[PDB]
Chemist: 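Here's a structure for you.
Chain naming here is simple, since letters A, B, ... match the order of the sequence lines and numbering starts at 1 in each. Just the heavy atoms: all of them, side chains too, but no hydrogens, waters or symmetry mates, feed the values below.
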Amino acid sequence: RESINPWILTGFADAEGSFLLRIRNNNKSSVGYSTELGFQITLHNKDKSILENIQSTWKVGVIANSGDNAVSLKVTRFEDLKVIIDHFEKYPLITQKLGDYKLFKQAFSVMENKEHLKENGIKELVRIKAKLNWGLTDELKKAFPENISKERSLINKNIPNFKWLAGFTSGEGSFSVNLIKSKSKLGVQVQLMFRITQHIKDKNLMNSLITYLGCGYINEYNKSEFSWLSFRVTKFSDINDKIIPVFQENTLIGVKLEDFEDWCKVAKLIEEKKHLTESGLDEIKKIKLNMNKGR
DNA sequence: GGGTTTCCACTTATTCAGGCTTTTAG
DNA sequence: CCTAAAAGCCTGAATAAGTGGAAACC
Ligand SMILES: [Ca+2]
Ligand SMILES: [Ca+2]
Ligand SMILES: [Ca+2]
C-alpha cells in the first residue's frame with residue numbers, strides 16, 4: 001500500500017525489530033546442523049498494515065500469524081537479506097540492536113561463502129550466535145567445546161534525525177491523557193503526558209532525549225532483576241511547542257498515529273482553555289475512553 | 001535425487017506502553 | 001484558593017526472541 005520513509009523504518013526497526021540466527025540439530029545436513037538467518041518484526045494484529053507497508057518498501061519478507069493476537073514479518077530468504085543489509089548500511093541502527101545487526105552481517109558473510117556447509121563455518125556461526133540476542137542454549141554450547149566469548153562492544157550513537165525519532169516513537173512512545181482528581185472547580189485536572197520507554201542498556205540514548213527535545217525527565221523502574229527507563233514530558237508548553245510539532249512534522253505510523261491525533265485534539269482544547277469547562281471536560285473524557293487500549 | 005533452504009504454526013521471555021493516585025510548585 | 005507540574009506507584013501483554021515441523025527447491 002503505502003511505503004515508509006527509510007529513516008522512519010530504521011527507527012521502527014530499532015524499536016520493534018529482531019535479528020535471528022538458527023543453528024539447528026539436523027540429521028540430514030552434512031555437518032549435522034542447518035542454519036537460517038534473518039530479520040523479523042512481530043506486532044499486534046491491529047498493526048498488520050505496518051508490516052505490509054514494510055513489505056512493500058523493501059519487497060522482501062513473508063507475513064504470517066504469530067498466535068491469536070500478533071502477526072510477523074520475517075525475512076530469511078538468503079538473497080533478500082542483501083536488501084536488509086543495504087538498508088541498514090545507508091540508514092544504520094543506533095540502539096544496542098546495531099550490535100545484533102553487525103553479528104547478522106558477519107553470519108551473512110559466512111553463509112555467502114557457503115562455509116556454513118563445513119565444520120569451520122558452523123563453528124564460526126556458533127561464535128557469532130553466542131553474542132547475538134540471548135546467545136547459545138546449553139545444548140549448543142556443550143556441543144562446541146571451546147572458550148567462546150559472550151561479550152560484544154556497547155553501542156553508543158546519537159539520534160540521527162527526527163525521522164528516526166518518529167520511527168522509534170512509533171514503536172516505543174505513548175500519548176497519555178492523565179485525568180487527575182483535583183482540588184479545582186471541575187474536580188479534574190487534565191494532564192497531557194508523553195512517554196518513551198526503553199531498557200537501561202540504552203541509558204545514554206534515553207538521557208539524550210532530554211537535550212534532543214529540550215524537555216522532559218527520566219524515571220527508572222524494575223520488575224525484579226529487569227530494569228528499564230521512562231522518558232516523560234508533562235509540561236503543557238513543552239507538549240504543545242516541542243513534542244507535538246516534531247510529530248506533526250514527522251508522521252507516526254501504525255494505530256499509534258490515531259492516538260497521537262486524538263492526543264492533539266485534547267491539546268487544542270487545553271490551548272483554548274476549554275479543559276476548564278464542563279463541556280470541554282466531557283469531550284476530553286470521551287477522547288480518552290476511545291484512544292490507546294480503548295480504541 | 002540428498003542435502004539445503006524457506007516457509008508456516010506456534011511458543012516463551014521480557015521489555016515495553018501506558019494505566020493510576022497523591023504531593024508539590026507557582 | 002486554584003490550576004499546572006511533578007512525584008511516584010504498577011503490571012498485562014505487545015513485543016522481542018525463539019522452536020518444531022515439514023514442503024519446496026536446487
Ligand atoms: Ca524495543
Ligand atoms: Ca510498540
Ligand atoms: Ca507458551
Chemist: Once hydrogens and angles are ignored, does a donor-acceptor distance under 3.5 Å link the base of B:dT11 to the side chain of A:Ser66?
Modeler: yes

Chemist: Quick one: A:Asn222 CG to B:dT15 P, roughly how many Å, whole number?
Modeler: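 That distance rounds to 12 Å.
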
Chemist: Taking only side-chain N and O atoms of A:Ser174, does any of them lie within less than 4.0 angstrom of OP1 or OP2 on B:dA17?
Modeler: no

Chemist: For A:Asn65 and for A:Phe175, find the nucleotide of DNA chain B with the closest heavy atom, then tell me which residue's nucleotide is more 5'.
Modeler: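 Nearest-nucleotide comparison on DNA chain B picks A:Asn65.
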
Chemist: Kindly check the sign of the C1'-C2'-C3'-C4' torsion at C:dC9 and name the resulting pucker, north or south.
Modeler: north

Chemist: Just compare B:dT6, B:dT22, B:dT5 and give me whichever is closest to any side-chain atom of A:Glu36.
Modeler: B:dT6

Chemist: Contact class for A:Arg77 vs. all strands (heavy atom < 4.0 Å): base, sugar-phosphate, or nothing?
Modeler: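 The residue A:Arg77 makes sugar-phosphate contact but no base contact.
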
Chemist: Measure from the side-chain heavy atoms of A:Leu276 and tell me the nearest of C:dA4, B:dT14, B:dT21.
Modeler: C:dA4

Chemist: Taking only the side-chain heavy atoms of A:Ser29 (C-beta and beyond), determine which of B:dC8, C:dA7, B:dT4 contains the nearest atom.
Modeler: B:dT4

Chemist: In terms of hydrophobic clustering (I, L, V, M, F, W, Y; side-chain heavy atoms under 4.5 Å; direct or indirect links), are A:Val188 and A:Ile284 co-clustered?
Modeler: yes

Chemist: Name the closest nucleotide to the A:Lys288 side chain, picking from B:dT4, C:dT11, B:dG19.
Modeler: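 Between B:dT4, C:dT11, B:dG19, the one nearest the side chain of A:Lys288 would be B:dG19.
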
Chemist: To the nearest Å, give me how far apart NZ (A:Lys118) and P (B:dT4) are.
Modeler: 12 Å

Chemist: Rounding to a whole Å, what distance do you find between A:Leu179:CG and B:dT22:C1'?
Modeler: 16 Å

Chemist: Find the distance A:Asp14:CG to C:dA16:P and express it as a whole number of Å.
Modeler: 11 Å

Chemist: Can a donor-acceptor pair be found between the side chains of A:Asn222 and A:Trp228 at a distance below 3.5 Å?
Modeler: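 Distance-only check fails for A:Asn222 and A:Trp228.
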
Chemist: Remember a base hit wins even if backbone is also touched, and classify A:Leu20 as base, sugar-phosphate or nothing at under 4.0 Å, heavy atoms.
Modeler: nothing

Chemist: Calculate the interatomic distance between A:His199 atom NE2 and B:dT15 atom P; express it in whole Å.
Modeler: 4 Å

Chemist: Within the modelled atom types, does a donor on one side and an acceptor on the other bring the side chain of A:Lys223 and the base of B:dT15 under 3.5 Å apart?
Modeler: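 Yes, the side chain and the base share a sub-3.5 Å donor-acceptor pair.
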
Chemist: Does the pair A:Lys256/A:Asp47 count as a salt bridge with the N-to-O cut at 4.0 Å?
Modeler: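 So A:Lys256 does not pair with A:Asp47 through a salt bridge.
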
Chemist: Compare side-chain N and O positions of A:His116 against OP1 and OP2 of B:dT5 and report whether any pair is under 4.0 Å apart.
Modeler: yes

Chemist: With a non-hydrogen cut-off below 4.0 angstrom, is A:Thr137 in contact with a base, only sugar-phosphate, or nothing?
Modeler: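 The residue A:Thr137 makes sugar-phosphate contact but no base contact.
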
Chemist: Any ion pair linking A:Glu79 and A:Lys82 (charged N to carboxylate O, less than 4.0 Å)?
Modeler: yes

Chemist: Within the structure, does a side-chain N or O atom of A:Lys256 lie under 4.0 Å from either OP1 or OP2 of B:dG18?
Modeler: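 Yes, because at least one side-chain N or O of A:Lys256 sits under 4.0 Å from OP1 or OP2 of B:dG18.
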
Chemist: Heavy atoms under 4.0 Å, any strand shown: does A:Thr76 hit a base, just sugar-phosphate, or nothing?
Modeler: sugar-phosphate

Chemist: Looking at A:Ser176, does any N or O in its side chain come under 4.0 Å of the phosphate oxygens OP1/OP2 on B:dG19?
Modeler: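 Looking at the OP1 and OP2 atoms of B:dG19, one of them is under 4.0 Å from a side-chain N or O of A:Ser176.
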
Chemist: Counting heavy atoms from C-beta on, name the nucleotide in C:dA17, B:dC8, C:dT3 closest to the side chain of A:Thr42.
Modeler: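 So the side chain of A:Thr42 is nearest to C:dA17.
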
Chemist: Check every atom of B:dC20, C:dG18, B:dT22 against the side chain of A:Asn133 and return the nucleotide holding the closest atom.
Modeler: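 My answer, after comparing the listed nucleotides, is C:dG18.
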
Chemist: Atom CZ of A:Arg24 and atom P of B:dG3: how far apart are they, to the nearest Å?
Modeler: 18 Å

Chemist: Any carboxylate oxygen within less than 4.0 angstrom of a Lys/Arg side-chain nitrogen, looking at A:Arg195 and A:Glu172?
Modeler: no

Chemist: Salt bridge check, A:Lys286 against A:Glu283: does any charged N sit closer than 4.0 Å to a carboxylate O?
Modeler: no

Chemist: Reckon A:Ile196 touches a base, only the sugar-phosphate, or nothing at all at heavy-atom distances under 4.0 Å?
Modeler: nothing

Chemist: If you check every side-chain atom of A:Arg22, which of B:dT5, B:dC7, C:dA6 has the closest atom?
Modeler: B:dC7

Chemist: Are any of A:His275's side-chain N or O atoms less than 4.0 Å away from OP1 or OP2 of C:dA4?
Modeler: yes

Chemist: Does A:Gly17 or A:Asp238 map to a spot on DNA chain C nearer the 5' end, using the closest nucleotide for each?
Modeler: A:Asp238

Chemist: For a quick check, tell me whether the side chain of A:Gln191 and the base of C:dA6 share a donor-acceptor pair closer than 3.5 Å.
Modeler: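 Such a pair exists between side chain and base.
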
Chemist: May I ask you to decide whether A:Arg152 forms a salt bridge with A:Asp100, counting only side-chain N to carboxylate O separations under 4.0 Å?
Modeler: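 Yes, charged N to carboxylate O under 4.0 Å.
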
Chemist: Just the rounded figure in Å: distance from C1' of C:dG18 to CD1 of A:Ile23.
Modeler: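 From A:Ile23 CD1 to C:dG18 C1': 13 Å.
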
Chemist: Check whether any side-chain N or O of A:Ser230 sits under 4.0 Å from OP1 or OP2 of B:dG18, and answer yes or no.
Modeler: no

Chemist: Identify which nucleotide among C:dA5, B:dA17, C:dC2 has an atom closest to any side-chain atom of A:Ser184, counting heavy atoms from C-beta outward.
Modeler: C:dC2

Chemist: With distance as the sole criterion, do the side chain of A:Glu16 and the base of C:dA14 form a donor-acceptor contact below 3.5 Å?
Modeler: no

Chemist: Could you work out which one of B:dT15, C:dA16, C:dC2 sits closest to the side chain of A:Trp228?
Modeler: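 Nearest to the side chain of A:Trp228 among the choices is B:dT15.
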
Chemist: Taking the minimum atom-to-atom distance to the side chain of A:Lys74, which one of C:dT19, B:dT6, C:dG8 wins?
Modeler: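 Minimum distance to the A:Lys74 side chain belongs to C:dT19.
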
Chemist: Measure distances between side-chain N and O atoms of A:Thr234 and base N and O atoms of C:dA6, and say whether any donor-acceptor pair falls under 3.5 Å.
Modeler: no

Chemist: Which whole-number value in Å describes the distance from A:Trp134 CH2 to B:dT12 P?
Modeler: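 Distance, rounded to whole Å: 12 Å.
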
Chemist: Measuring from atom NZ of A:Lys123 to atom CD of A:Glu115, what distance do you get when rounded to the nearest 0.5 angstrom?
Modeler: 12.5 Å

